[PDB]
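Novice: Pasting my_file_12.txt below, which is compact mmCIF, C-alpha atoms.
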```txt
# COMPACT_ATOMS: atom_id res chain seq x y z
CA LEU A 1 100.25 69.29 77.70
CA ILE A 2 100.99 70.26 81.30
CA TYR A 3 103.42 73.16 81.28
CA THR A 4 105.61 73.96 84.28
CA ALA A 5 107.44 77.28 84.40
CA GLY A 6 110.19 78.45 86.72
CA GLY A 7 110.43 77.14 90.24
CA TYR A 8 113.06 76.86 92.91
CA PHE A 9 115.99 74.68 93.70
CA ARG A 10 118.25 77.03 95.79
CA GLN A 11 118.12 79.40 92.89
CA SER A 12 115.13 80.51 91.00
CA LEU A 13 114.91 78.52 87.74
CA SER A 14 114.15 79.44 84.13
CA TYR A 15 112.83 76.05 82.96
CA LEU A 16 109.72 75.73 80.85
CA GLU A 17 108.90 72.06 80.36
CA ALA A 18 105.69 70.39 79.23
CA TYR A 19 104.50 66.93 80.28
CA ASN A 20 102.55 64.64 77.95
CA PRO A 21 100.39 62.41 80.19
CA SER A 22 99.97 59.91 77.32
CA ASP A 23 103.58 59.87 76.00
CA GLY A 24 105.24 60.28 79.37
CA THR A 25 107.72 62.74 77.80
CA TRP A 26 108.96 66.03 79.20
CA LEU A 27 109.48 68.54 76.40
CA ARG A 28 112.06 71.29 77.03
CA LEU A 29 110.90 74.69 75.75
CA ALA A 30 112.22 78.27 75.67
CA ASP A 31 113.63 79.45 79.01
CA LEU A 32 111.90 82.20 80.92
CA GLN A 33 113.49 85.55 80.25
CA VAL A 34 114.21 85.76 84.03
CA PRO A 35 114.63 82.91 86.55
CA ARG A 36 111.52 82.96 88.76
CA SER A 37 110.21 80.95 91.71
CA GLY A 38 106.95 81.48 93.58
CA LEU A 39 105.17 82.58 90.41
CA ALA A 40 101.81 81.38 89.11
CA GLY A 41 100.78 80.11 85.69
CA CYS A 42 97.56 80.32 83.73
CA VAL A 43 96.29 80.17 80.18
CA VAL A 44 94.07 82.67 78.34
CA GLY A 45 93.27 82.26 74.66
CA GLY A 46 95.74 79.40 74.35
CA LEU A 47 98.63 81.58 75.57
CA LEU A 48 100.52 80.63 78.73
CA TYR A 49 101.16 83.42 81.24
CA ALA A 50 103.81 83.44 83.96
CA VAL A 51 102.76 85.84 86.75
CA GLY A 52 104.83 87.39 89.53
CA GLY A 53 107.29 85.35 91.57
CA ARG A 54 110.84 86.15 92.72
CA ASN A 55 114.34 85.96 91.22
CA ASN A 56 116.57 84.28 93.84
CA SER A 57 120.01 84.36 92.22
CA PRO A 58 123.56 84.04 93.60
CA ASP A 59 123.84 87.79 92.90
CA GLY A 60 120.41 89.11 93.93
CA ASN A 61 117.01 88.52 95.54
CA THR A 62 114.28 90.56 93.85
CA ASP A 63 110.54 89.96 93.92
CA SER A 64 108.91 90.28 90.50
CA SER A 65 105.90 92.22 89.20
CA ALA A 66 106.44 90.74 85.76
CA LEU A 67 103.81 89.29 83.46
CA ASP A 68 105.19 87.22 80.58
CA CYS A 69 103.38 85.40 77.79
CA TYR A 70 104.43 82.15 76.09
CA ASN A 71 103.06 81.11 72.68
CA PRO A 72 103.19 77.34 71.98
CA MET A 73 102.99 78.07 68.23
CA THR A 74 106.19 80.11 68.18
CA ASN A 75 107.89 78.64 71.24
CA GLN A 76 108.67 82.22 72.22
CA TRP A 77 108.14 84.29 75.35
CA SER A 78 107.23 87.96 75.13
CA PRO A 79 106.76 90.40 78.02
CA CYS A 80 103.48 91.99 79.01
CA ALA A 81 102.69 95.07 81.03
CA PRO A 82 103.69 94.39 84.67
CA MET A 83 101.53 94.43 87.78
CA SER A 84 101.38 97.49 90.01
CA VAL A 85 103.56 95.70 92.62
CA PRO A 86 105.87 92.72 92.90
CA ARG A 87 104.09 89.60 94.13
CA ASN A 88 106.16 86.67 95.33
CA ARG A 89 104.16 83.55 96.24
CA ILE A 90 101.21 84.90 94.25
CA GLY A 91 97.94 83.20 93.34
CA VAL A 92 96.05 83.81 90.10
CA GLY A 93 92.72 82.91 88.54
CA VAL A 94 91.05 83.58 85.20
CA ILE A 95 87.53 85.02 84.83
CA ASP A 96 86.06 86.10 81.49
CA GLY A 97 89.42 86.12 79.77
CA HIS A 98 90.93 88.34 82.50
CA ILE A 99 93.79 87.39 84.85
CA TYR A 100 93.37 88.18 88.56
CA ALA A 101 96.58 88.54 90.57
CA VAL A 102 95.97 87.85 94.26
CA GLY A 103 98.08 88.65 97.33
CA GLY A 104 101.74 87.61 97.43
CA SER A 105 104.65 89.46 99.04
CA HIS A 106 107.14 92.24 98.28
CA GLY A 107 109.87 92.19 100.91
CA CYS A 108 108.12 92.64 104.24
CA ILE A 109 104.90 93.67 102.51
CA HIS A 110 102.19 91.03 102.69
CA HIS A 111 99.59 91.99 100.11
CA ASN A 112 95.87 91.97 100.52
CA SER A 113 95.71 93.83 97.19
CA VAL A 114 94.24 92.24 94.02
CA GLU A 115 94.53 93.42 90.42
CA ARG A 116 93.05 92.38 87.09
CA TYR A 117 94.83 92.06 83.74
CA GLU A 118 93.09 92.49 80.39
CA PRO A 119 94.98 90.74 77.55
CA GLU A 120 93.30 92.70 74.77
CA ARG A 121 94.47 96.05 76.18
CA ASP A 122 97.71 94.88 77.90
CA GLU A 123 96.57 96.77 81.03
CA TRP A 124 96.39 95.99 84.74
CA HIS A 125 93.90 97.70 87.07
CA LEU A 126 93.52 97.39 90.85
CA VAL A 127 90.30 95.89 92.19
CA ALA A 128 88.91 95.61 95.72
CA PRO A 129 91.52 94.25 98.17
CA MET A 130 90.96 91.00 100.03
CA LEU A 131 89.77 90.94 103.62
CA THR A 132 93.10 89.27 104.46
CA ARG A 133 96.76 89.66 103.59
CA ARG A 134 97.70 86.32 102.00
CA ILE A 135 101.00 85.13 100.60
CA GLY A 136 101.28 81.59 99.34
CA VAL A 137 97.54 81.94 98.76
CA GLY A 138 95.72 79.32 96.68
CA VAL A 139 93.39 80.66 93.99
CA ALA A 140 90.55 79.04 92.06
CA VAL A 141 87.59 80.18 90.02
CA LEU A 142 84.20 78.53 90.25
CA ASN A 143 81.15 79.80 88.36
CA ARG A 144 82.94 83.11 87.60
CA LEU A 145 83.64 83.76 91.29
CA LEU A 146 87.24 84.03 92.44
CA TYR A 147 88.27 82.17 95.61
CA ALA A 148 91.37 82.89 97.68
CA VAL A 149 92.22 79.98 99.99
CA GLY A 150 94.66 79.78 102.90
CA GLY A 151 98.06 81.46 102.85
CA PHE A 152 100.26 83.35 105.32
CA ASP A 153 99.53 86.84 106.63
CA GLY A 154 103.08 87.46 107.82
CA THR A 155 102.31 86.31 111.38
CA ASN A 156 99.78 83.48 111.16
CA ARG A 157 99.07 80.85 108.57
CA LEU A 158 95.46 80.55 107.53
CA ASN A 159 92.63 78.12 106.91
CA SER A 160 90.22 80.94 106.09
CA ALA A 161 88.91 81.42 102.56
CA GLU A 162 87.12 84.32 100.87
CA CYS A 163 85.27 84.87 97.62
CA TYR A 164 85.47 87.78 95.16
CA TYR A 165 82.39 88.85 93.18
CA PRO A 166 83.75 90.62 90.05
CA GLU A 167 80.60 92.52 89.13
CA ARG A 168 80.13 93.73 92.70
CA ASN A 169 83.88 94.30 93.31
CA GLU A 170 83.65 92.93 96.85
CA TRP A 171 85.21 90.12 98.88
CA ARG A 172 83.19 87.92 101.23
CA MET A 173 84.45 85.32 103.69
CA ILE A 174 83.29 81.74 103.13
CA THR A 175 83.52 78.59 105.27
CA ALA A 176 87.12 78.04 106.39
CA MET A 177 89.02 74.91 105.41
CA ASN A 178 89.43 72.13 107.96
CA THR A 179 93.23 72.60 107.82
CA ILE A 180 95.55 75.60 107.93
CA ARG A 181 97.60 75.67 104.70
CA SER A 182 100.04 78.08 103.13
CA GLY A 183 101.63 77.13 99.83
CA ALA A 184 98.86 74.63 99.08
CA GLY A 185 97.79 73.68 95.58
CA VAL A 186 94.29 74.94 94.87
CA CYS A 187 92.34 74.25 91.69
CA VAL A 188 88.83 73.52 90.47
CA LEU A 189 87.75 70.08 89.31
CA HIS A 190 84.25 69.34 88.10
CA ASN A 191 82.44 71.83 90.34
CA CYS A 192 84.49 71.67 93.52
CA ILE A 193 87.52 73.58 94.77
CA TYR A 194 90.37 71.31 95.82
CA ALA A 195 93.06 72.38 98.29
CA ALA A 196 95.98 69.97 98.42
CA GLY A 197 99.07 69.90 100.63
CA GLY A 198 100.80 73.04 101.80
CA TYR A 199 102.28 74.00 105.16
CA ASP A 200 100.55 74.64 108.50
CA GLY A 201 103.58 76.20 110.23
CA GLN A 202 104.63 72.85 111.74
CA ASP A 203 104.33 70.19 109.05
CA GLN A 204 104.17 69.89 105.30
CA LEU A 205 100.82 68.32 104.47
CA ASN A 206 99.55 65.47 102.33
CA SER A 207 95.87 65.94 103.11
CA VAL A 208 93.43 67.13 100.43
CA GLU A 209 90.03 68.69 101.03
CA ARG A 210 87.38 69.93 98.63
CA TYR A 211 84.80 72.69 98.84
CA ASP A 212 81.23 72.25 97.67
CA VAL A 213 79.58 75.56 96.87
CA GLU A 214 76.09 74.05 97.31
CA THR A 215 76.64 72.88 100.91
CA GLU A 216 79.36 75.52 101.60
CA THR A 217 81.35 72.66 103.14
CA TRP A 218 84.96 71.42 103.02
CA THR A 219 85.32 67.64 103.03
CA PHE A 220 88.58 65.68 103.25
CA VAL A 221 89.29 63.33 100.38
CA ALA A 222 92.10 60.85 99.82
CA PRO A 223 95.54 62.25 100.77
CA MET A 224 98.50 62.45 98.41
CA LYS A 225 101.31 59.91 98.74
CA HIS A 226 103.87 62.62 99.53
CA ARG A 227 103.57 65.59 101.86
CA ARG A 228 104.54 68.74 99.99
CA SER A 229 104.36 72.52 100.28
CA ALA A 230 104.71 75.01 97.39
CA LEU A 231 103.60 72.38 94.90
CA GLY A 232 102.34 73.22 91.46
CA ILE A 233 98.84 72.03 90.56
CA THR A 234 96.62 71.85 87.50
CA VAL A 235 93.75 69.91 85.97
CA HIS A 236 94.18 67.83 82.80
CA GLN A 237 91.41 65.70 81.28
CA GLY A 238 89.31 65.38 84.42
CA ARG A 239 92.21 64.62 86.80
CA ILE A 240 94.31 66.71 89.18
CA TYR A 241 98.09 66.78 88.74
CA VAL A 242 100.40 68.00 91.51
CA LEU A 243 104.02 68.72 90.65
CA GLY A 244 107.00 69.01 92.89
CA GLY A 245 107.04 70.95 96.11
CA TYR A 246 109.07 70.81 99.32
CA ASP A 247 108.63 68.21 102.07
CA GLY A 248 110.84 69.74 104.76
CA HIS A 249 113.96 67.91 103.49
CA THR A 250 113.85 67.58 99.68
CA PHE A 251 112.69 69.55 96.67
CA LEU A 252 110.52 66.87 95.09
CA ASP A 253 110.35 65.86 91.45
CA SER A 254 107.36 63.61 92.16
CA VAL A 255 104.22 64.21 90.11
CA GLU A 256 101.01 62.69 91.49
CA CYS A 257 97.65 62.41 89.78
CA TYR A 258 94.22 62.34 91.42
CA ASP A 259 91.32 60.38 89.88
CA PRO A 260 88.06 61.73 91.37
CA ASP A 261 86.13 58.65 90.25
CA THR A 262 88.27 56.33 92.36
CA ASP A 263 89.27 58.94 94.96
CA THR A 264 92.82 57.66 94.50
CA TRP A 265 96.20 59.32 93.99
CA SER A 266 98.97 57.72 91.93
CA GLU A 267 102.49 58.78 91.03
CA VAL A 268 102.66 59.18 87.25
CA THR A 269 106.03 60.75 86.45
CA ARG A 270 109.03 62.60 87.83
CA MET A 271 110.07 66.04 86.67
CA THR A 272 113.53 66.27 85.11
CA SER A 273 114.69 67.82 88.41
CA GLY A 274 113.13 68.51 91.81
CA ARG A 275 111.74 72.00 92.36
CA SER A 276 109.15 73.91 94.35
CA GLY A 277 107.23 77.12 93.73
CA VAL A 278 106.47 76.47 90.04
CA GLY A 279 103.76 77.97 87.85
CA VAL A 280 101.64 75.29 86.14
CA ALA A 281 98.93 75.36 83.46
CA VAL A 282 97.54 73.35 80.53
CA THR A 283 97.52 74.49 76.89
CA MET A 284 98.00 73.36 73.29
CA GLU A 285 101.17 71.38 72.58
CA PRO A 286 104.05 73.31 70.94
CA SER A 287 103.61 73.54 67.17
CA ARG A 288 106.42 71.58 65.51
```
Let me see the structure of the file written as structure tokens.

Specialist:
Amino acid sequence: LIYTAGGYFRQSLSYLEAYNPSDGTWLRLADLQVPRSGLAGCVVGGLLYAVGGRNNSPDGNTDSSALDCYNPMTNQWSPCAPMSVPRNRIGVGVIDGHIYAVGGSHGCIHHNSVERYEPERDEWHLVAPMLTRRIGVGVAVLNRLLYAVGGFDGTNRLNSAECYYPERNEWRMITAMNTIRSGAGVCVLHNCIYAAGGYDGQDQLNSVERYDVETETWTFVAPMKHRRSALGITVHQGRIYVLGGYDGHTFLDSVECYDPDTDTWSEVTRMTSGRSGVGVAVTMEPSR
């Protein structure tokens, strides 16, 4: 199942829902302990983690350092140790069973800092900072290297990308994308990094481009049907799924699906309500 956690629709949301691409159903699961938008999702050892984000409520506006863990076998959330700082509009990636938290914001602070979570010790530790402050950064892992793509440095939006080498603890700039994107969806499919949609400071985007490590080159592929920034993204069974987002007028409930064999996008479902800034990941279906 494709799990979507939190998100925004003029309030941060607490929803955890899981899409069955065969059934078509949306399953409604235990609410997040705290309503959060701008968070990221990932899965380690079959557990779903909700990382960072921000609680936009009618009574407050607090960025979040929280790490929370959802178990599909108990349908229960439990908290983890938090990050060293709050990180709204965070990106995350998983290497070797460890969660890397990348960039994000805390008030006016635009982070270049990066930290690493170890599930077996419930500990975070800071690692080398990025070359660039990036909020709304897209994050993907390819061959155990961690890529940070695009984002917003507080003044300019970015097409640059950089690559973290864990065992050298250093960041290195790579070829920049063809398009400036903050709040894009970035994931890995087969052995390419995909960057889809986002915001260039003027328009929300429908274009999609993919990075080949071998040629160190970004190539455009087919665009999505709907322009969207702050979309959620994941990979399920060899296909990319993009969820929701914001198109300058609407918080979308559209979910589109990319087939790399046909280089075609299609709309496959709608979320139960439109939202942006969700955390998305894929794990084992809730045990019932």

Novice: If I put a ball of radius 9 Å at (98.9, 84.4, 101.8) in the file's coordinates, which residues poke into it when counting all atoms listed in the file, written as a VMD selection string?

Specialist: chain A and resid 89 to 91 102 to 105 110 to 112 132 to 138 148 to 154 157 to 158 182 to 183

Novice: Hey, can you spit out that residue selection with C-alpha atoms as a CSV table (one decimal), in the coordinates of the input?

Specialist:
```csv
chain,number,residue,atom,x,y,z
A,89,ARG,CA,104.2,83.6,96.2
A,90,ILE,CA,101.2,84.9,94.2
A,91,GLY,CA,97.9,83.2,93.3
A,102,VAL,CA,96.0,87.8,94.3
A,103,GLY,CA,98.1,88.6,97.3
A,104,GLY,CA,101.7,87.6,97.4
A,105,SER,CA,104.6,89.5,99.0
A,110,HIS,CA,102.2,91.0,102.7
A,111,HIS,CA,99.6,92.0,100.1
A,112,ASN,CA,95.9,92.0,100.5
A,132,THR,CA,93.1,89.3,104.5
A,133,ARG,CA,96.8,89.7,103.6
A,134,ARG,CA,97.7,86.3,102.0
A,135,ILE,CA,101.0,85.1,100.6
A,136,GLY,CA,101.3,81.6,99.3
A,137,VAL,CA,97.5,81.9,98.8
A,138,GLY,CA,95.7,79.3,96.7
A,148,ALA,CA,91.4,82.9,97.7
A,149,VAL,CA,92.2,80.0,100.0
A,150,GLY,CA,94.7,79.8,102.9
A,151,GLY,CA,98.1,81.5,102.8
A,152,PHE,CA,100.3,83.4,105.3
A,153,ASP,CA,99.5,86.8,106.6
A,154,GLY,CA,103.1,87.5,107.8
A,157,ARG,CA,99.1,80.8,108.6
A,158,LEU,CA,95.5,80.6,107.5
A,182,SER,CA,100.0,78.1,103.1
A,183,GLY,CA,101.6,77.1,99.8
```

Novice: Measure the distance from atom CA of residue A:35 to atom CA of residue A:77 in Å and round it to one decimal.

Specialist: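 We find that atom CA of residue A:35 and atom CA of residue A:77 lie 13.0 Å from each other.
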
Novice: Excluding stretch 15-23 of chain A and any residue of its chain fewer than 2 positions from it, enumerate the residues within 6 Å of it, using all atoms listed in the file, and give them as a PyMOL selection string.

Specialist: chain A and resi 1-6+13+25-29+31

Novice: Nearest to residue A:270 among A:199, A:251, A:8, A:194, with distances taken over all atoms listed in the file: which residue is it?

Specialist: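 Looking only at the distances to residue A:270, the closest residue turns out to be A:251.
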
Novice: Considering only C-alpha atoms, return as an mmCIF file with C-alpha atoms, in the frame of the given file whatever protein or nucleic-acid residues lie within 7 Å of stretch 216-227 of chain A, sequence-local ones (same chain, fewer than 6 positions apart) excluded.

Specialist:
```cif
data_model
loop_
_atom_site.group_PDB
_atom_site.id
_atom_site.type_symbol
_atom_site.label_atom_id
_atom_site.label_comp_id
_atom_site.auth_asym_id
_atom_site.auth_seq_id
_atom_site.Cartn_x
_atom_site.Cartn_y
_atom_site.Cartn_z
ATOM 1 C CA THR A 175 83.520 78.590 105.270
ATOM 2 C CA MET A 177 89.020 74.910 105.410
ATOM 3 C CA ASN A 178 89.430 72.130 107.960
ATOM 4 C CA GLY A 197 99.070 69.900 100.630
ATOM 5 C CA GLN A 204 104.170 69.890 105.300
ATOM 6 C CA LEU A 205 100.820 68.320 104.470
ATOM 7 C CA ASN A 206 99.550 65.470 102.330
ATOM 8 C CA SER A 207 95.870 65.940 103.110
ATOM 9 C CA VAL A 208 93.430 67.130 100.430
ATOM 10 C CA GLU A 209 90.030 68.690 101.030
ATOM 11 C CA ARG A 210 87.380 69.930 98.630
ATOM 12 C CA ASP A 247 108.630 68.210 102.070
ATOM 13 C CA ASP A 263 89.270 58.940 94.960
ATOM 14 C CA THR A 264 92.820 57.660 94.500
ATOM 15 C CA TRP A 265 96.200 59.320 93.990
#
```

Novice: In Å, how far is it from atom CA of residue A:278 to atom CA of residue A:9?

Specialist: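 It comes out at 10.4 Å.
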
Novice: Using all atoms listed in the file, list the residues that have an atom at most 8 Å from (111.2, 68.4, 94.8), coordinates as in the file, as a PyMOL selection string.

Specialist: chain A and resi 9+244-247+250-254+273-276

Novice: Rank nothing, just name the residue among A:101, A:193, A:51, A:39 nearest to residue A:277, using only C-alpha atoms.

Specialist: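 Among the listed residues, A:39 lies closest to residue A:277.
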
Novice: Taking all listed atoms of stretch 187-203 of chain A, build the axis-aligned box, pad each of the six sides by 6 Å, then write its centre and edge lengths in Å to one decimal as lines of an AutoDock Vina configuration file.

Specialist:
```
center_x = 93.5
center_y = 72.8
center_z = 99.9
size_x = 34.2
size_y = 18.9
size_z = 35.6
```

Novice: Could you state the separation of atom CA of residue A:92 and atom CA of residue A:288 in Å, given to one decimal place?

Specialist: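 Between atom CA of residue A:92 and atom CA of residue A:288 the gap works out to 29.4 Å.
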
Novice: So, with all atoms listed in the file as the atoms that count, which of A:130, A:121, A:260, A:249 lies closest to residue A:237?

Specialist: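 Ranked by minimum distance to residue A:237, first place goes to A:260.
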
Novice: Tell me which of A:107, A:32, A:42, A:96 sits closest to residue A:61, counting all atoms listed in the file.

Specialist: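 Checking each candidate against residue A:61, we get A:107 as the closest.
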
Novice: Nearest to residue A:242: which of A:186, A:159, A:212, A:180 is it, counting all atoms listed in the file?

Specialist: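 Among the listed residues, A:186 lies closest to residue A:242.
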